[PDB]
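S.K.: After the structure tokens below, expect a handful of questions from me.
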Amino acid sequence: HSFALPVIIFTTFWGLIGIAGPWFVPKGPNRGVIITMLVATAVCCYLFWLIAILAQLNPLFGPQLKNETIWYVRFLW
Amino acid sequence: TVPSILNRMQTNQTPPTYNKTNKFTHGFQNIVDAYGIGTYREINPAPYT
Amino acid sequence: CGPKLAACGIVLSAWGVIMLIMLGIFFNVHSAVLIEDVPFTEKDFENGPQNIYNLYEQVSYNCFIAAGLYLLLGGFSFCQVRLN
Amino acid sequence: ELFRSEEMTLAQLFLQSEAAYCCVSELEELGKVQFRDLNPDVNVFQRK
């Protein structure tokens with residue numbers, strides 16, 4: 001397994017919404033609104049998710065836990 | 001019988017700014033308009049909004 | 001009653017059931033994030049997870065019973081909203 | 001298209017006095033026109 005597979009899945013998912021979505025919109029007065037909504041949704045969702053998942057890569061320091069939680073990490077999981 | 005036909009004008013001042021809207025887009029237009037109204041044919045902030 | 005109270009009782013019923021059942025789930029899976037909510041003592045670390053698992057069952061039952069009170073509030077409120 | 005403000009035309013008309021009332025009403029039912037005021041002197045007794 002590699003992190004590249006998730007990245008390609010997310011990029012394909014939002015890329016289709018932001019391209020193929022627009023290419024299936026009908027003709028009508030709302031067309032420009034619908035296209036703008038699809039594109040802006042894909043760009044904001046993609047960028048926001050991508051930043052969060054990238055920031056979780058290679059953590060420079062891990063979590064620090066309370067004494068009791070460290071004792072429970074012996075047995076709960 | 002007189003049809004009261006109009007003509008287009010040439011000595012034109014800048015017309016009042018308009019955008020058509022629906023139940024969804026109206027609110028998003030209002031929160032822009034509440035701060036300011038574009039010049040004629042200006043880009044509308046609302047669809048991005 | 002009055003419709004104001006019935007509407008509040010609907011909102012409270014929905015919220016209460018949603019949160020308390022979701023807590024019931026996290027307590028039944030023994031989720032680590034819920035440790036601070038479990039009302040254990042310094043002696044409950046004896047032998048292993050046995051005491052904390054028994055307390056996880058008790059707090060799951062607490063939330064399940066409380067969700068039952070919100071279901072009763074709901075059924076009352078869904079009548080009263082039509083009657084007032 | 002709503003990406004920019006929609007195209008507007010200033011127009012002038014010669015309006016027949018009997019039809020005028022009906023014309024204004026059809027325009028108000030249509031709801032797509034704004035009247036330019038031609039009377040800076042308009043007031044309670046100056047309104048035609």
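Identifiers for the structure tokens are assigned positionally: chains receive A, B, ... in sequence, residues are indexed from 1 per chain, and ligands are indexed from 1 in the order shown.
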Any chance you could list, as an MDAnalysis selection string, the residues in chain C that come up helix (DSSP H, G or I) when DSSP is run on the backbone?
M.R.: chainID C and resid 3:28 32:34 42:45 50:83
S.K.: Quick one: everything within 12 Å of segment 3-13 of chain A, counting only C-alpha atoms, minus sequence neighbours fewer than 6 positions away in the same chain. Send it as a PyMOL selection string.
M.R.: chain A and resi 19-21+42-43+45-51+53-54+56-58
S.K.: Report as a short mmCIF file (atom, residue, chain, number, x, y, z; two decimals) with N, CA, C and O atoms, in the first residue's frame all protein, DNA and RNA residues lying within 10 Å of residue 3 of chain C, evaluated on only C-alpha atoms, omitting residues in the same chain fewer than 6 positions from it.
M.R.:
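Saved the output as selection_14.cif:
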```
data_model
loop_
_atom_site.label_atom_id
_atom_site.label_comp_id
_atom_site.auth_asym_id
_atom_site.auth_seq_id
_atom_site.Cartn_x
_atom_site.Cartn_y
_atom_site.Cartn_z
N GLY C 9 -39.47 20.66 23.12
CA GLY C 9 -39.44 19.24 23.44
C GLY C 9 -39.08 18.36 22.23
O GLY C 9 -38.31 17.41 22.39
N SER C 77 -44.23 15.35 22.98
CA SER C 77 -44.14 16.59 22.20
C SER C 77 -44.78 16.49 20.82
O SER C 77 -45.46 17.41 20.39
N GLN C 80 -48.45 16.90 21.61
CA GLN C 80 -48.74 18.27 22.05
C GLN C 80 -48.62 19.31 20.93
O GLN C 80 -49.47 20.20 20.85
N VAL C 81 -47.67 19.17 20.01
CA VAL C 81 -47.51 20.10 18.87
C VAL C 81 -48.74 20.14 17.96
O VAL C 81 -49.01 21.16 17.33
N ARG C 82 -49.52 19.05 17.90
CA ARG C 82 -50.79 18.96 17.16
C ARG C 82 -52.01 19.37 17.98
O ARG C 82 -53.02 19.78 17.42
N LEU C 83 -51.93 19.25 19.30
CA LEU C 83 -53.04 19.51 20.23
C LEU C 83 -53.13 20.97 20.73
O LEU C 83 -54.19 21.37 21.21
N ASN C 84 -52.04 21.74 20.64
CA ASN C 84 -51.95 23.14 21.11
C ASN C 84 -51.95 24.14 19.94
O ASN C 84 -51.32 23.86 18.91
#
```
S.K.: Atom CA of residue 70 of chain C to atom CA of residue 17 of chain C: how many Å, to one decimal?
M.R.: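 Taking atom CA of residue 70 of chain C as the start and atom CA of residue 17 of chain C as the end point, the length is 6.2 Å.
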S.K.: Could you list the residues in chain D lying within 9 Å of chain B, using only C-alpha atoms, and format the result as a PyMOL selection string?
M.R.: chain D and resi 2-16+19-20+23+34
S.K.: Generate the output file for the selected residues, N, CA, C and O atoms, as a CSV table (one decimal), in the first residue's frame.
M.R.:
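What follows is the written file part14.csv:
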```
chain,number,residue,atom,x,y,z
D,2,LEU,N,-25.1,35.0,-15.3
D,2,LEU,CA,-25.0,35.7,-14.0
D,2,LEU,C,-23.6,35.9,-13.5
D,2,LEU,O,-23.5,36.5,-12.4
D,3,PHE,N,-22.6,35.5,-14.2
D,3,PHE,CA,-21.2,35.8,-13.8
D,3,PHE,C,-20.9,37.3,-13.8
D,3,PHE,O,-20.0,37.8,-13.1
D,4,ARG,N,-21.7,38.1,-14.5
D,4,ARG,CA,-21.7,39.6,-14.5
D,4,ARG,C,-23.1,40.2,-14.6
D,4,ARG,O,-24.0,39.5,-14.9
D,5,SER,N,-23.2,41.4,-14.2
D,5,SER,CA,-24.5,42.1,-14.2
D,5,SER,C,-25.1,42.2,-15.6
D,5,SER,O,-24.5,42.4,-16.6
D,6,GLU,N,-26.4,41.9,-15.6
D,6,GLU,CA,-27.2,41.7,-16.9
D,6,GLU,C,-27.4,43.0,-17.7
D,6,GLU,O,-27.5,44.1,-17.2
D,7,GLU,N,-27.4,42.8,-19.0
D,7,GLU,CA,-27.5,43.9,-19.9
D,7,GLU,C,-28.9,44.7,-19.8
D,7,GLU,O,-29.9,44.0,-19.9
D,8,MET,N,-28.8,46.0,-19.7
D,8,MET,CA,-29.9,46.9,-19.6
D,8,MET,C,-29.9,47.9,-20.7
D,8,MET,O,-28.9,48.4,-21.1
D,9,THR,N,-31.1,48.3,-21.1
D,9,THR,CA,-31.3,49.4,-22.1
D,9,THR,C,-32.2,50.5,-21.6
D,9,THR,O,-33.3,50.3,-21.1
D,10,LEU,N,-31.6,51.7,-21.7
D,10,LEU,CA,-32.5,52.9,-21.5
D,10,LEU,C,-33.3,53.1,-22.8
D,10,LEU,O,-32.8,53.1,-23.9
D,11,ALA,N,-34.6,53.3,-22.6
D,11,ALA,CA,-35.5,53.5,-23.7
D,11,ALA,C,-36.5,54.6,-23.5
D,11,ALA,O,-36.9,54.9,-22.3
D,12,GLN,N,-37.0,55.2,-24.5
D,12,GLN,CA,-38.1,56.2,-24.5
D,12,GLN,C,-39.3,55.8,-25.2
D,12,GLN,O,-39.2,55.0,-26.2
D,13,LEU,N,-40.5,56.2,-24.8
D,13,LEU,CA,-41.7,55.8,-25.4
D,13,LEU,C,-42.7,57.0,-25.5
D,13,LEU,O,-42.7,57.9,-24.6
D,14,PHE,N,-43.6,56.9,-26.4
D,14,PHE,CA,-44.7,57.8,-26.6
D,14,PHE,C,-46.0,57.1,-26.3
D,14,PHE,O,-46.3,56.1,-27.0
D,15,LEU,N,-46.6,57.4,-25.2
D,15,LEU,CA,-47.6,56.5,-24.6
D,15,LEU,C,-49.0,57.2,-24.7
D,15,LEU,O,-49.3,58.3,-24.2
D,16,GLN,N,-49.9,56.5,-25.4
D,16,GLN,CA,-51.3,57.0,-25.7
D,16,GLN,C,-52.1,57.0,-24.4
D,16,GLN,O,-52.3,56.0,-23.7
D,19,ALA,N,-54.7,54.2,-23.3
D,19,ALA,CA,-54.0,52.9,-23.1
D,19,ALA,C,-53.0,53.0,-22.0
D,19,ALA,O,-52.6,52.0,-21.4
D,20,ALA,N,-52.5,54.2,-21.6
D,20,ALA,CA,-51.4,54.4,-20.7
D,20,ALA,C,-51.6,53.6,-19.4
D,20,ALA,O,-50.7,52.9,-18.9
D,23,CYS,N,-51.2,50.0,-20.0
D,23,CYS,CA,-49.8,49.7,-20.3
D,23,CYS,C,-49.0,49.6,-19.0
D,23,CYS,O,-48.4,48.6,-18.8
D,34,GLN,N,-38.1,49.7,-14.8
D,34,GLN,CA,-37.9,50.8,-13.8
D,34,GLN,C,-38.2,52.2,-14.6
D,34,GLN,O,-37.5,52.5,-15.5
```
S.K.: Extract, using only C-alpha atoms, all DNA, RNA and protein residues at most 10 Å from residue 55 of chain C, discarding same-chain residues fewer than 6 positions from it, and format them as a ChimeraX atom specification.
M.R.: /C:27,38-40,44,49,61
S.K.: Please produce an output containing N, CA, C and O atoms for each residue in the selection, written as a tab-separated table (two decimals), in the first residue's frame.
M.R.:
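Done, and the output landed in part-v5.tsv:
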```
chain	number	residue	atom	x	y	z
C	27	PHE	N	-18.97	4.24	24.04
C	27	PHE	CA	-18.80	3.51	25.28
C	27	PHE	C	-18.78	1.99	25.05
C	27	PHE	O	-17.92	1.29	25.59
C	38	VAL	N	-15.77	8.49	31.77
C	38	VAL	CA	-16.02	7.33	32.65
C	38	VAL	C	-15.65	7.65	34.11
C	38	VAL	O	-14.52	8.02	34.39
C	39	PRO	N	-16.57	7.48	35.09
C	39	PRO	CA	-16.37	7.92	36.48
C	39	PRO	C	-15.57	6.91	37.34
C	39	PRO	O	-16.03	6.48	38.40
C	40	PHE	N	-14.38	6.50	36.88
C	40	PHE	CA	-13.50	5.57	37.61
C	40	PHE	C	-12.70	6.24	38.75
C	40	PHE	O	-12.71	7.46	38.94
C	44	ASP	N	-9.39	1.36	40.38
C	44	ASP	CA	-9.94	0.65	39.22
C	44	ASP	C	-8.90	0.21	38.17
C	44	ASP	O	-9.23	-0.57	37.28
C	49	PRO	N	-8.26	-4.30	32.64
C	49	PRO	CA	-9.36	-3.46	32.17
C	49	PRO	C	-10.74	-3.80	32.77
C	49	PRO	O	-11.73	-3.15	32.45
C	61	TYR	N	-25.29	2.26	29.65
C	61	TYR	CA	-26.65	2.18	30.20
C	61	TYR	C	-27.18	3.54	30.66
C	61	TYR	O	-28.33	3.85	30.35
```
S.K.: Which polymer residues have any atom within 10 Å of an atom of residue 33 of chain D, counting only C-alpha atoms, with same-chain residues fewer than 5 positions away left out, as a list in words?
M.R.: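 Residues near the query, excluding close chain neighbours: residues 8, 24, 27 and 28 of chain D.
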S.K.: Quick one: distance from atom CA of residue 57 of chain C to atom CA of residue 64 of chain A in Å, one decimal?
M.R.: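 Atom CA of residue 64 of chain A lies 27.2 Å from atom CA of residue 57 of chain C.
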S.K.: In Å to one decimal, how far is atom CA of residue 34 of chain B from atom CA of residue 39 of chain D?
M.R.: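 Straight-line distance from atom CA of residue 39 of chain D to atom CA of residue 34 of chain B works out to 29.3 Å.
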S.K.: Which residues are close to residue 48 of chain D, i.e. within 12 Å by only C-alpha atoms, leaving aside same-chain residues fewer than 4 positions away? Reply as a PyMOL selection string.
M.R.: chain D and resi 38-39+41-44
S.K.: Export, as a PDB file, in the first residue's frame, the selected residues with C-alpha atoms.
M.R.:
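Result file is result_15.pdb:
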```pdb
ATOM      1  CA  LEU D  38     -39.335  63.250 -15.504  1.00  0.00           C
ATOM      2  CA  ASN D  39     -40.812  65.614 -12.802  1.00  0.00           C
ATOM      3  CA  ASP D  41     -41.277  69.503  -9.284  1.00  0.00           C
ATOM      4  CA  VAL D  42     -43.610  66.568  -8.253  1.00  0.00           C
ATOM      5  CA  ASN D  43     -45.603  67.221  -5.036  1.00  0.00           C
ATOM      6  CA  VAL D  44     -49.159  66.549  -3.617  1.00  0.00           C
TER       7      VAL D  44
END
```
